[PDB]
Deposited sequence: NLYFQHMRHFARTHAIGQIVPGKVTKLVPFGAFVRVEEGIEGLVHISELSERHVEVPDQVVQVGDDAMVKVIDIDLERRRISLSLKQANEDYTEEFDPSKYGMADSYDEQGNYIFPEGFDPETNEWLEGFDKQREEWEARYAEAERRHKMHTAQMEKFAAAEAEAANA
């Protein structure tokens, strides 16, 4: 089997702290399982489902945005947090949390793609493939942050309904 290898591949592509999309797959007494890639499913512990029984917060088939808090490749287990994703949410878009952590250095400065000239604000010639890849990653990061906005709006509308 190749489960160790699939999970290693996932980990080298979704560092700890990234906020990733998932589908709620099954509710267990101790959490909610979330499929984050084909073949890869992680557990959202009960104490991590919300800032405040799992059926209480999520249902099967729900799109969810979850923060990767741990990857244990020895036990082939991925730990996920809905609540910790929501804590990090800002209405202002930070692409580093949503799959572009590479475009930022250790201090948090932005790193332009190598083929792009910042003073010109134009791509140099010969970098079409680099550009298309950068544009796809960036479109994916936007898609994720939008999914996250929708989860925050869903959570707040439910509360307002509960509150009333």
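- The deposited sequence has C-alpha coordinates everywhere except the stretches 53 to 55, 168.
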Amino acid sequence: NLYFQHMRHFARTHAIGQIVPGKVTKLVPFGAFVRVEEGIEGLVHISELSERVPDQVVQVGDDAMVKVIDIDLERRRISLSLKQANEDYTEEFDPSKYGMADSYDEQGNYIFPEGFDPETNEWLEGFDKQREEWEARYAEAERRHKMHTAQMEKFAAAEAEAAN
From here on, numbers count along this sequence of modelled residues.
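- 54 to 62 and 111 to 119 differ in mean CA B-factor, and the higher of the two is recorded for 54 to 62.
- Comparing the deposited coordinates for 147 to 155 and 9 to 17, the stretch with the larger average C-alpha B-factor is 9 to 17.
- Within the listed group 30, 98, 134, 104, the record reports its top CA B-factor for 30.
- Annotation for residue 67: CA B-factor lies in the lowest third of the chain's modelled residues.
- Ranked by Cα temperature factor within the chain, residue 39 sits in the highest third according to the deposited record.
- Remark: residue 46 belongs to the highest third of its chain, ranked by C-alpha B-factor as recorded.
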